[PDB]
């Protein structure tokens, strides 16, 4: 019921996250921003180019093992 997601930043660095299919993705967003040392609202998180909301889940978005989330400046 868990999958690994690769979060890729503008500098091509990666942080991977193991998440549940049903978990709201706010916690991933907050954790990634924390590790970059920037406010969460300074970033936007995309899956297949579409914005990931705080209450989106991997299941809702159709995500699969080793799928990529891209992070851009807001």
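Numbering follows the first chain given and starts at 1.
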item: Third of the chain's Cα B-factor distribution that residue 51 belongs to, per the entry; value: lowest
item: Chain third (lowest, middle, highest) by recorded CA B-factor, residue given as residue 29; value: middle
item: Third of the chain's Cα B-factor distribution that residue 16 belongs to, per the entry; value: lowest
item: Residue 1, C-alpha B-factor rank within chain (lowest, middle or highest third); value: highest
